[PDB]
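The structure appears below as structure tokens.
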Amino acid sequence: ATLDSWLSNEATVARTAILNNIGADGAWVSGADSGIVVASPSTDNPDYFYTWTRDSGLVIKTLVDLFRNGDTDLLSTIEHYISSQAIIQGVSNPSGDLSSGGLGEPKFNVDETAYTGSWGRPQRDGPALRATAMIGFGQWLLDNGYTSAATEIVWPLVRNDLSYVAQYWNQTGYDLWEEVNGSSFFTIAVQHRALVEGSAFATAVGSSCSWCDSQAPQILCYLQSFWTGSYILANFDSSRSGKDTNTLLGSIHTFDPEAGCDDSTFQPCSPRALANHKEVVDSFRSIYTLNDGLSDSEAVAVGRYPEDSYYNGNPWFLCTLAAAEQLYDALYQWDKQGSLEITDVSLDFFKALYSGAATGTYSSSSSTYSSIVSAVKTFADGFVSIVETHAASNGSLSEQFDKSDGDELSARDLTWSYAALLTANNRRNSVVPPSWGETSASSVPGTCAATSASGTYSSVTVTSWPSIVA
Ligand SMILES: *[C@@H]1O[C@H](CO)[C@@H](O[C@@H]2O[C@H](CO)[C@@H](O[C@@H]3O[C@H](CO[C@H]4O[C@H](CO)[C@@H](O)[C@H](O[C@H]5O[C@H](CO)[C@@H](O)[C@H](O)[C@@H]5O)[C@@H]4O)[C@@H](O)[C@H](O[C@H]4O[C@H](CO)[C@@H](O)[C@H](O)[C@@H]4O[C@H]4O[C@H](CO)[C@@H](O)[C@H](O)[C@@H]4O[C@H]4O[C@H](CO)[C@@H](O)[C@H](O)[C@@H]4O)[C@@H]3O)[C@H](O)[C@H]2NC(C)=O)[C@H](O)[C@H]1NC(C)=O
Ligand SMILES: *[C@@H]1O[C@H](CO)[C@@H](O[C@@H]2O[C@H](CO)[C@@H](O[C@@H]3O[C@H](CO)[C@@H](O)[C@H](O[C@H]4O[C@H](CO)[C@@H](O)[C@H](O)[C@@H]4O[C@H]4O[C@H](CO)[C@@H](O)[C@H](O)[C@@H]4O)[C@@H]3O)[C@H](O)[C@H]2NC(C)=O)[C@H](O)[C@H]1NC(C)=O
Ligand SMILES: C[C@H]1O[C@H](O[C@H]2[C@H](O)[C@@H](O)[C@@H](O[C@H]3[C@H](O)[C@@H](O)[C@H](O)O[C@@H]3CO)O[C@@H]2CO)[C@H](O)[C@@H](O)[C@@H]1N[C@H]1C=C(CO)[C@@H](O)[C@H](O)[C@H]1O
Ligand SMILES: *[C@H]1O[C@H](CO)[C@@H](O)[C@H](O)[C@@H]1O
Ligand SMILES: *[C@H]1O[C@H](CO)[C@@H](O)[C@H](O)[C@@H]1O
Ligand SMILES: *[C@H]1O[C@H](CO)[C@@H](O)[C@H](O)[C@@H]1O
Ligand SMILES: *[C@H]1O[C@H](CO)[C@@H](O)[C@H](O)[C@@H]1O
Ligand SMILES: *[C@H]1O[C@H](CO)[C@@H](O)[C@H](O)[C@@H]1O
Ligand SMILES: *[C@H]1O[C@H](CO)[C@@H](O)[C@H](O)[C@@H]1O
Ligand SMILES: *[C@H]1O[C@H](CO)[C@@H](O)[C@H](O)[C@@H]1O
Ligand SMILES: *[C@H]1O[C@H](CO)[C@@H](O)[C@H](O)[C@@H]1O
Ligand SMILES: *[C@H]1O[C@H](CO)[C@@H](O)[C@H](O)[C@@H]1O
Ligand SMILES: *[C@H]1O[C@H](CO)[C@@H](O)[C@H](O)[C@@H]1O
């Protein structure tokens, strides 16, 4: 009713707002070079007029998926991004050069110059995210007969990022929130994915990624350590509880539509990800006045972590959208499978929504199933309603919304907020991303080793783009 139509409208707004934030024709970011995704046009309090590898990677992957689904007009935006990355990779910065750690640098100026002040650096998710976004585009180029562009432009760029991940995964750094110096689930999860799809891509182009192959299994091995028995620990080397939407993000950004409810990869429907889901969301129920009065079977406004004090610690549009997207993903998986399972690990999650929940296997034709799935859908939609309630009248999505009154705060028109909107809508409509090979990369080795593999680095120069038609 309100929701479906609001989403339809918001999706259009979200696409437009992202384009306005990408150089060099982006309406909100004059000064940004060609293909530079700006986090936000906000240049003062806060100053987000920079380009983050993470934000850009996430945004572009989203645009790539839209493109592959028929949004052909996004072609030049993607080409520009790729071209810009060829340059950025080579920018000498506080984290190093191309071959000596440069790839890990969190953000840059919109003009493609290094940001030299103090920052929580490096952030090792970046390279993984940029690689995943490029690989998707690379796959389309292969499928549509533009092998050369894939082999000579995309591969070489990806190869740099894959080498970095394989080389430093087992080293500390900052989390996606840029505040904890340690080992972060989100980072580890996206790094394992990148290596697996990086390897398949390498083969597709007639090359190889030996370092992708030796390291992926080891990253996976390590990933298991994040399960505490009741939830996913966001970070090692932290004094916090460990409950963080970092873990929801890790799950949705590594969702493979071909995968079952695999615990080893923390898929959306896995018992571990469902138990984690409740523990995370529940942590925001009594700390935000905006959540006052809601029951345990009701959607709530979700922040980053319960201990957050950034701008006082408020819910985030993207964190709230992620809580819904994980559910949309699990619905798709159960439906595709033709059953859902309730285990001791995930009982609390189900029991909060369907009080008659009991462990066992429920086929898609069973009454229990119908009852659970409707309840899950209503819950998932509830998170999206909170978003709709607090968005600006014209559809503007901010970074945060006030924990007490829901007013928008922090960076305005946050590009990441817009991409999160698109992906949650997509999943809601059963529009899923291409598979990354999870079905051949969920086996955990019997012994985890603290290791690395060094790949190879080489500077890429993009002379010209072939005249691609879509
Ligand atoms: C839905 O409607 C919304 C409501 O109208 C609409 O949002 C509005 O969009 C306009 C842009 O179209 C915004 O205008 C900008 O305002 C800047 C000042 O903002 C502060 O003051 C406002 C007035 O009191 C506040 O309302 C505003 O609050 C918002 O932002 C807060 C912080 O993020 C947030 O917490 C609040 O909740 C609220 O959301 C804020 O406090 C003003 O500075 C800016 O001017 C620049 O941009 C113009 C062009 O876009 C230029 O002509 C102008 O000269 C300035 O250019 C400089 O900055 C640009 C980047 O933004 C650069 O591209 C330029 O190159 C240039 O940069 C120079 O300076 C930099 C210094 O740091 C430097 O880094 C550069 O290198 C360079 O040297 C513009 O006027 C307005 O703020 C929005 N209002 C609200 C309430 O959000 C929204 O877009 C609509 N949505 C949709 C989907 O349509
Ligand atoms: C490089 O790779 C190696 C190999 O994979 C990594 O080594 C593994 O590291 C993990 C994490 O330290 C380690 O797991 C610990 O094992 C201990 C016993 O075997 C546990 O006592 C410890 O418990 C913590 O995590 C649990 C979840 O697994 C929680 O239930 C528990 O509450 C503990 O969590 C608290 O304490 C930790 C302290 O570690 C703190 O940081 C948290 O924030 C939280 O407060 C772990 O389970 C494996 O045993 C190691 N494996 C091997 C073979 O040595 C190495 O960590 C990698 N390094 C980097 C930088 O990436
Ligand atoms: C944008 C970012 O802002 C906050 O963190 C910043 C500090 O504001 C900044 O001053 C700097 O802090 C270092 C400090 O200057 C130095 O004196 C001290 O030694 O070390 C500090 C490093 O810990 O850098 C940090 C970032 O490292 C918030 O705490 C961050 O959560 C916030 N990140 C946002 C913004 C973006 C852009 O969209 C997202 O990529 C990110 O996920 C999100 O959390
Ligand atoms: C993930 O992949 C492993 C192999 O790596 C399978 O054994 C598992 O069933 C799942 O498909
Ligand atoms: C499943 O496959 C992994 C490699 O992907 C092995 O390390 C594991 O022991 C199991 O055979
Ligand atoms: C880390 O450890 C593995 C095996 O223990 C090695 O093969 C690798 O070269 C690195 O030293
Ligand atoms: C990654 O780090 C390992 C340490 O285990 C080295 O052996 C390897 O050569 C690469 O530097
Ligand atoms: C890791 O080490 C290799 C050598 O095995 C280098 O080629 C690479 O650039 C990185 O330093
Ligand atoms: C590592 O490998 C690449 C690809 O073979 C080389 O181009 C690079 O110079 C380094 O030797
Ligand atoms: C390493 O590889 C890149 C990508 O092909 C080249 O541009 C560079 O000349 C070196 O051979
Ligand atoms: C690869 O790196 C070189 C510098 O090492 C740059 O000149 C080139 O633009 C590309 O980024
Ligand atoms: C791409 O190729 C040029 C040579 O045409 C280099 O100068 C650049 O650093 C990158 O390797
Ligand atoms: C266009 O031209 C430059 C100069 O030969 C190359 O380095 C680049 O890889 C592309 O082929």
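Letters A, B, ... mark the chains of the structure tokens in the order given; residue numbers begin at 1 per chain; ligand numbers begin at 1, in order shown.
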So that each row is one residue of chain A with an atom at most 6 Å from ligand 5, can you give its shortest atom pair and the distance in Å to one decimal, using only C-alpha atoms and all ligand atoms, rows by chain and rising number, as a Markdown table?
```
| residue | atom | partner | partner_atom_place_in_ligand_line | distance |
| --- | --- | --- | --- | --- |
| A:217 | CA | ligand 5 | 5 (O) | 5.3 |
| A:441 | CA | ligand 5 | 5 (O) | 5.5 |
| A:443 | CA | ligand 5 | 1 (C) | 3.7 |
| A:444 | CA | ligand 5 | 8 (C) | 5.1 |
| A:445 | CA | ligand 5 | 7 (O) | 3.7 |
| A:446 | CA | ligand 5 | 9 (O) | 5.7 |
```
Dump N, CA and C atoms for the selected residues as a compact mmCIF listing (two decimals), in the first residue's frame?
```txt
# COMPACT_ATOMS: atom_id res chain seq x y z
N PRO A 217 40.80 -20.53 1.46
CA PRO A 217 40.47 -21.56 2.45
C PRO A 217 40.94 -21.14 3.84
N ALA A 441 33.13 -23.11 -2.17
CA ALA A 441 34.09 -22.44 -1.28
C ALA A 441 33.56 -22.22 0.11
N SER A 443 33.94 -25.15 2.27
CA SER A 443 34.58 -26.24 3.08
C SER A 443 35.71 -25.66 3.92
N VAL A 444 35.67 -25.88 5.20
CA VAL A 444 36.66 -25.37 6.16
C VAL A 444 37.80 -26.36 6.36
N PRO A 445 39.04 -25.93 6.19
CA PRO A 445 40.21 -26.80 6.42
C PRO A 445 40.22 -27.23 7.90
N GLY A 446 40.80 -28.38 8.18
CA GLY A 446 40.87 -28.94 9.54
C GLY A 446 41.80 -28.20 10.48
```
Please tabulate, as JSON lines, the residues of chain A that come within 10 Å of ligand 6, each with its closest pair of atoms and the distance in Å to one decimal, counting only C-alpha atoms and all ligand atoms and ordering rows by chain, then residue number upward.
```
{"residue": "A:167", "atom": "CA", "partner": "ligand 6", "partner_atom_place_in_ligand_line": "10 (C)", "distance": 9.6}
{"residue": "A:170", "atom": "CA", "partner": "ligand 6", "partner_atom_place_in_ligand_line": "1 (C)", "distance": 9.7}
{"residue": "A:211", "atom": "CA", "partner": "ligand 6", "partner_atom_place_in_ligand_line": "9 (O)", "distance": 9.6}
{"residue": "A:214", "atom": "CA", "partner": "ligand 6", "partner_atom_place_in_ligand_line": "7 (O)", "distance": 7.7}
{"residue": "A:215", "atom": "CA", "partner": "ligand 6", "partner_atom_place_in_ligand_line": "8 (C)", "distance": 8.6}
{"residue": "A:218", "atom": "CA", "partner": "ligand 6", "partner_atom_place_in_ligand_line": "3 (C)", "distance": 9.0}
{"residue": "A:447", "atom": "CA", "partner": "ligand 6", "partner_atom_place_in_ligand_line": "5 (O)", "distance": 9.6}
{"residue": "A:448", "atom": "CA", "partner": "ligand 6", "partner_atom_place_in_ligand_line": "5 (O)", "distance": 8.6}
{"residue": "A:449", "atom": "CA", "partner": "ligand 6", "partner_atom_place_in_ligand_line": "5 (O)", "distance": 5.5}
{"residue": "A:450", "atom": "CA", "partner": "ligand 6", "partner_atom_place_in_ligand_line": "1 (C)", "distance": 6.0}
{"residue": "A:451", "atom": "CA", "partner": "ligand 6", "partner_atom_place_in_ligand_line": "1 (C)", "distance": 3.1}
{"residue": "A:452", "atom": "CA", "partner": "ligand 6", "partner_atom_place_in_ligand_line": "1 (C)", "distance": 4.9}
{"residue": "A:453", "atom": "CA", "partner": "ligand 6", "partner_atom_place_in_ligand_line": "9 (O)", "distance": 5.8}
{"residue": "A:454", "atom": "CA", "partner": "ligand 6", "partner_atom_place_in_ligand_line": "9 (O)", "distance": 8.6}
```
Could you please extract the residues within 9 Å of ligand 11, counting only C-alpha atoms and all ligand atoms, and hand them back as a ChimeraX atom specification? /A:84-92,97-99,458-462
Output of the above residues as a PDB file, in the first residue's frame, restricted to N, CA, C and O atoms:
```
ATOM      1  N   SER A  84      39.234   5.659 -13.290  1.00  0.00           N
ATOM      2  CA  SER A  84      39.669   6.417 -12.129  1.00  0.00           C
ATOM      3  C   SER A  84      40.464   5.557 -11.164  1.00  0.00           C
ATOM      4  O   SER A  84      41.372   6.022 -10.475  1.00  0.00           O
ATOM      5  N   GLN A  85      40.110   4.286 -11.090  1.00  0.00           N
ATOM      6  CA  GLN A  85      40.769   3.345 -10.157  1.00  0.00           C
ATOM      7  C   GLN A  85      42.149   2.995 -10.630  1.00  0.00           C
ATOM      8  O   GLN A  85      42.992   2.813  -9.722  1.00  0.00           O
ATOM      9  N   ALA A  86      42.351   2.956 -11.942  1.00  0.00           N
ATOM     10  CA  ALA A  86      43.649   2.708 -12.557  1.00  0.00           C
ATOM     11  C   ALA A  86      44.640   3.771 -12.044  1.00  0.00           C
ATOM     12  O   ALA A  86      45.805   3.455 -11.748  1.00  0.00           O
ATOM     13  N   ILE A  87      44.143   5.003 -11.936  1.00  0.00           N
ATOM     14  CA  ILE A  87      44.892   6.144 -11.427  1.00  0.00           C
ATOM     15  C   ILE A  87      45.047   6.037  -9.907  1.00  0.00           C
ATOM     16  O   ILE A  87      46.216   6.037  -9.429  1.00  0.00           O
ATOM     17  N   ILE A  88      43.965   5.960  -9.177  1.00  0.00           N
ATOM     18  CA  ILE A  88      44.031   5.857  -7.713  1.00  0.00           C
ATOM     19  C   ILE A  88      44.992   4.774  -7.226  1.00  0.00           C
ATOM     20  O   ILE A  88      45.746   5.098  -6.259  1.00  0.00           O
ATOM     21  N   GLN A  89      44.978   3.581  -7.772  1.00  0.00           N
ATOM     22  CA  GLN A  89      45.837   2.467  -7.342  1.00  0.00           C
ATOM     23  C   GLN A  89      47.306   2.852  -7.188  1.00  0.00           C
ATOM     24  O   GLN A  89      48.014   2.407  -6.255  1.00  0.00           O
ATOM     25  N   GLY A  90      47.731   3.685  -8.140  1.00  0.00           N
ATOM     26  CA  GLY A  90      49.052   4.232  -8.269  1.00  0.00           C
ATOM     27  C   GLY A  90      49.299   5.481  -7.448  1.00  0.00           C
ATOM     28  O   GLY A  90      50.470   5.894  -7.326  1.00  0.00           O
ATOM     29  N   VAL A  91      48.277   6.042  -6.808  1.00  0.00           N
ATOM     30  CA  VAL A  91      48.552   7.257  -5.989  1.00  0.00           C
ATOM     31  C   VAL A  91      49.287   6.815  -4.715  1.00  0.00           C
ATOM     32  O   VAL A  91      48.894   5.923  -3.931  1.00  0.00           O
ATOM     33  N   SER A  92      50.396   7.497  -4.533  1.00  0.00           N
ATOM     34  CA  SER A  92      51.310   7.341  -3.397  1.00  0.00           C
ATOM     35  C   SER A  92      50.635   7.976  -2.199  1.00  0.00           C
ATOM     36  O   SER A  92      50.232   9.153  -2.335  1.00  0.00           O
ATOM     37  N   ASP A  97      52.588   2.921  -1.540  1.00  0.00           N
ATOM     38  CA  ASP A  97      52.467   2.943  -3.007  1.00  0.00           C
ATOM     39  C   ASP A  97      51.717   1.657  -3.454  1.00  0.00           C
ATOM     40  O   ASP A  97      51.348   0.805  -2.619  1.00  0.00           O
ATOM     41  N   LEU A  98      51.556   1.528  -4.750  1.00  0.00           N
ATOM     42  CA  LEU A  98      50.864   0.410  -5.353  1.00  0.00           C
ATOM     43  C   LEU A  98      51.327  -0.916  -4.756  1.00  0.00           C
ATOM     44  O   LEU A  98      50.495  -1.705  -4.273  1.00  0.00           O
ATOM     45  N   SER A  99      52.633  -1.109  -4.795  1.00  0.00           N
ATOM     46  CA  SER A  99      53.220  -2.373  -4.337  1.00  0.00           C
ATOM     47  C   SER A  99      53.627  -2.475  -2.894  1.00  0.00           C
ATOM     48  O   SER A  99      54.144  -3.537  -2.483  1.00  0.00           O
ATOM     49  N   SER A 458      51.369  -4.447 -10.568  1.00  0.00           N
ATOM     50  CA  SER A 458      51.759  -3.779 -11.835  1.00  0.00           C
ATOM     51  C   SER A 458      50.761  -2.657 -12.099  1.00  0.00           C
ATOM     52  O   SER A 458      49.541  -2.812 -11.947  1.00  0.00           O
ATOM     53  N   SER A 459      51.294  -1.515 -12.462  1.00  0.00           N
ATOM     54  CA  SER A 459      50.513  -0.317 -12.746  1.00  0.00           C
ATOM     55  C   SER A 459      49.747  -0.433 -14.052  1.00  0.00           C
ATOM     56  O   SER A 459      50.320  -0.755 -15.108  1.00  0.00           O
ATOM     57  N   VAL A 460      48.456  -0.154 -13.988  1.00  0.00           N
ATOM     58  CA  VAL A 460      47.602  -0.230 -15.171  1.00  0.00           C
ATOM     59  C   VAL A 460      47.354   1.180 -15.744  1.00  0.00           C
ATOM     60  O   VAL A 460      47.137   2.117 -14.993  1.00  0.00           O
ATOM     61  N   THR A 461      47.405   1.231 -17.067  1.00  0.00           N
ATOM     62  CA  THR A 461      47.160   2.465 -17.834  1.00  0.00           C
ATOM     63  C   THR A 461      46.001   2.173 -18.809  1.00  0.00           C
ATOM     64  O   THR A 461      46.088   1.229 -19.592  1.00  0.00           O
ATOM     65  N   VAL A 462      44.996   2.988 -18.709  1.00  0.00           N
ATOM     66  CA  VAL A 462      43.797   2.863 -19.551  1.00  0.00           C
ATOM     67  C   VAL A 462      43.866   3.931 -20.654  1.00  0.00           C
ATOM     68  O   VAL A 462      43.493   5.098 -20.485  1.00  0.00           O
TER      69      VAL A 462
END
```
Among range 193-250 of chain A, which residues carry a DSSP assignment of helix (DSSP H, G or I), reported as an MDAnalysis selection string? chainID A and resid 193:204 210:226 246:250
With only C-alpha atoms as the counted atoms, please give the residues lying no more than 9 Å from residue 436 in chain A, apart from itself and same-chain residues fewer than 3 positions off, as a PDB file with N, CA, C and O atoms, in the first residue's frame.
```pdb
ATOM      1  N   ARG A 193      35.398 -13.710   0.006  1.00  0.00           N
ATOM      2  CA  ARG A 193      34.589 -13.687  -1.230  1.00  0.00           C
ATOM      3  C   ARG A 193      35.443 -13.244  -2.431  1.00  0.00           C
ATOM      4  O   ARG A 193      35.425 -13.880  -3.489  1.00  0.00           O
ATOM      5  N   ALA A 194      36.128 -12.132  -2.300  1.00  0.00           N
ATOM      6  CA  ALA A 194      36.942 -11.517  -3.350  1.00  0.00           C
ATOM      7  C   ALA A 194      37.946 -12.502  -3.941  1.00  0.00           C
ATOM      8  O   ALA A 194      38.072 -12.608  -5.176  1.00  0.00           O
ATOM      9  N   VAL A 196      37.781 -15.826  -3.892  1.00  0.00           N
ATOM     10  CA  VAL A 196      37.072 -16.896  -4.605  1.00  0.00           C
ATOM     11  C   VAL A 196      36.603 -16.411  -5.973  1.00  0.00           C
ATOM     12  O   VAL A 196      36.853 -17.123  -6.965  1.00  0.00           O
ATOM     13  N   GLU A 197      35.938 -15.278  -6.029  1.00  0.00           N
ATOM     14  CA  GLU A 197      35.488 -14.831  -7.378  1.00  0.00           C
ATOM     15  C   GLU A 197      36.627 -14.320  -8.207  1.00  0.00           C
ATOM     16  O   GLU A 197      36.561 -14.372  -9.444  1.00  0.00           O
ATOM     17  N   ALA A 200      38.020 -17.386 -10.011  1.00  0.00           N
ATOM     18  CA  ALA A 200      37.200 -17.779 -11.161  1.00  0.00           C
ATOM     19  C   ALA A 200      37.402 -16.777 -12.313  1.00  0.00           C
ATOM     20  O   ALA A 200      37.450 -17.148 -13.497  1.00  0.00           O
ATOM     21  N   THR A 254      27.871 -10.796   1.101  1.00  0.00           N
ATOM     22  CA  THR A 254      28.478 -12.090   0.730  1.00  0.00           C
ATOM     23  C   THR A 254      27.400 -13.122   0.436  1.00  0.00           C
ATOM     24  O   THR A 254      27.661 -14.340   0.194  1.00  0.00           O
ATOM     25  N   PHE A 255      26.156 -12.714   0.399  1.00  0.00           N
ATOM     26  CA  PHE A 255      25.029 -13.560   0.015  1.00  0.00           C
ATOM     27  C   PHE A 255      25.253 -14.106  -1.407  1.00  0.00           C
ATOM     28  O   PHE A 255      25.469 -13.364  -2.374  1.00  0.00           O
ATOM     29  N   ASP A 256      25.073 -15.383  -1.559  1.00  0.00           N
ATOM     30  CA  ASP A 256      25.164 -16.074  -2.853  1.00  0.00           C
ATOM     31  C   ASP A 256      23.786 -16.721  -3.046  1.00  0.00           C
ATOM     32  O   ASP A 256      23.426 -17.577  -2.229  1.00  0.00           O
ATOM     33  N   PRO A 257      23.007 -16.334  -4.030  1.00  0.00           N
ATOM     34  CA  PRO A 257      21.667 -16.916  -4.242  1.00  0.00           C
ATOM     35  C   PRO A 257      21.640 -18.416  -4.491  1.00  0.00           C
ATOM     36  O   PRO A 257      20.565 -19.067  -4.420  1.00  0.00           O
ATOM     37  N   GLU A 258      22.740 -19.026  -4.801  1.00  0.00           N
ATOM     38  CA  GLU A 258      22.899 -20.431  -5.108  1.00  0.00           C
ATOM     39  C   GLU A 258      23.223 -21.310  -3.898  1.00  0.00           C
ATOM     40  O   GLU A 258      23.152 -22.550  -4.012  1.00  0.00           O
ATOM     41  N   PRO A 433      21.807 -10.810  -6.851  1.00  0.00           N
ATOM     42  CA  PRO A 433      23.048 -10.604  -7.594  1.00  0.00           C
ATOM     43  C   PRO A 433      23.581 -11.925  -8.117  1.00  0.00           C
ATOM     44  O   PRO A 433      23.180 -12.979  -7.599  1.00  0.00           O
ATOM     45  N   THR A 439      29.257 -22.178  -3.392  1.00  0.00           N
ATOM     46  CA  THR A 439      29.004 -23.613  -3.364  1.00  0.00           C
ATOM     47  C   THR A 439      30.257 -24.439  -3.492  1.00  0.00           C
ATOM     48  O   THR A 439      30.203 -25.624  -3.123  1.00  0.00           O
TER      49      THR A 439
END
```
Determine the nearest neighbour of residue 297 in chain A from the options A:382, A:268, A:466, A:315, counting only C-alpha atoms. A:382
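Take the candidates A:128, A:82, A:114, A:204 and check each one against residue 151 in chain A using only C-alpha atoms; the shortest distance goes to A:204.
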Using only C-alpha atoms and all ligand atoms, what table do you get, as a tab-separated table, when you list each residue of chain A with an atom no more than 8 Å from ligand 2, its nearest pair of atoms, and their distance in Å rounded to one decimal, rows by chain then rising number?
```
residue	atom	partner	partner_atom_place_in_ligand_line	distance
A:169	CA	ligand 2	61 (O)	6.3
A:170	CA	ligand 2	61 (O)	3.6
A:171	CA	ligand 2	60 (C)	4.1
A:172	CA	ligand 2	60 (C)	4.4
A:182	CA	ligand 2	60 (C)	6.6
A:183	CA	ligand 2	61 (O)	5.4
A:218	CA	ligand 2	5 (O)	6.8
A:219	CA	ligand 2	5 (O)	7.2
A:221	CA	ligand 2	5 (O)	6.2
A:222	CA	ligand 2	5 (O)	4.0
A:223	CA	ligand 2	5 (O)	7.7
A:224	CA	ligand 2	28 (O)	7.4
A:225	CA	ligand 2	28 (O)	4.0
A:226	CA	ligand 2	28 (O)	5.1
A:227	CA	ligand 2	27 (C)	5.5
A:228	CA	ligand 2	30 (O)	4.0
A:229	CA	ligand 2	30 (O)	6.8
A:233	CA	ligand 2	27 (C)	6.8
A:234	CA	ligand 2	43 (O)	8.0
A:235	CA	ligand 2	43 (O)	5.7
A:236	CA	ligand 2	41 (O)	3.4
A:237	CA	ligand 2	41 (O)	3.7
A:238	CA	ligand 2	43 (O)	4.2
A:239	CA	ligand 2	45 (O)	5.8
A:240	CA	ligand 2	43 (O)	7.0
A:241	CA	ligand 2	45 (O)	7.2
A:242	CA	ligand 2	43 (O)	6.7
A:447	CA	ligand 2	53 (C)	6.8
A:448	CA	ligand 2	5 (O)	4.8
A:449	CA	ligand 2	4 (C)	4.6
A:450	CA	ligand 2	2 (O)	3.6
A:451	CA	ligand 2	2 (O)	6.5
```
Quick one: residues within 7 Å of residue 345 in chain A, only C-alpha atoms, excluding same-chain residues fewer than 6 positions away - as a PyMOL selection string? chain A and resi 271-272+275
